[PDB]
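Here we start with a single chain on its own, the form deposited in one PDB entry, put down as structure tokens.
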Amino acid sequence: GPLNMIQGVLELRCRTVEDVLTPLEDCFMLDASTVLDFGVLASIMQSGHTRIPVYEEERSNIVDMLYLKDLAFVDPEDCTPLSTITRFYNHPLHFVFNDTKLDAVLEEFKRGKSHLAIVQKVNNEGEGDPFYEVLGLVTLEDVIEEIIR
């Protein structure tokens, strides 16, 4: 129990963000042109995420985050689209590289940056310019779970 937990915190300096991320297909993600009706709002409520990625067009193009506090005085009846609500609030995006060790990200969550981190790697393979490739997401919650199991 506690002996596994100790090992967990010792793992934190070898184990990378790539080890422990959720890939982007499995993530709870909202389109920008999603409208916040009753059905969408309840889906957000039921998701059990307080911080949700917002994307335009493709999922790998993450544009803003939605926080739950953003939903404060949305009437779900008069049908506010997400993109205007994301324009109401600055929530700065937290990007992390895939090779970042878990203690560095844990401290990065502690430093004030977003408890959702989104995960990129450098992409050489393929003929174009190098780009940062979105792999998926890792949270504060994900890193805690490395300790407490």
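Numbers follow the displayed sequence, beginning with 1.
There is another form of the same protein, the form deposited with a small molecule bound; it is not shown, and what comes next is about it.
Peer 1: The small molecule isn't shown here, but in the entry with it bound, which of 77 to 85, 26 to 34, 120 to 128, 100 to 108 has heavy atoms within 4.5 Å of it?
Peer 2: Within 4.5 Å of the partner lies stretch 26 to 34.
Peer 1: Though only this chain appears here, would residue 48 touch the small molecule in the entry with it bound if you measure heavy atom gaps against 4.5 Å?
Peer 2: Close contact exists here: in the entry with it bound, residue 48 approaches the small molecule to within 4.5 Å, heavy atoms only.
Peer 1: Even though the small molecule is not shown here, does residue 115 get within 4.5 Å of it in the entry with it bound, heavy atoms only?
Peer 2: Contact check for residue 115: yes, within 4.5 Å of the small molecule in the entry with it bound.
Peer 1: Consider residue 142 of the chain shown here, and say whether it contacts the small molecule in the entry with it bound, taking contact as heavy atoms within 4.5 Å.
Peer 2: The answer is yes: residue 142 has a heavy atom within 4.5 Å of the small molecule.
Peer 1: Would you check, heavy atoms only and a 4.5 Å threshold, whether residue 17 touches the small molecule in the entry with it bound?
Peer 2: So residue 17 does not count as contacting the small molecule.
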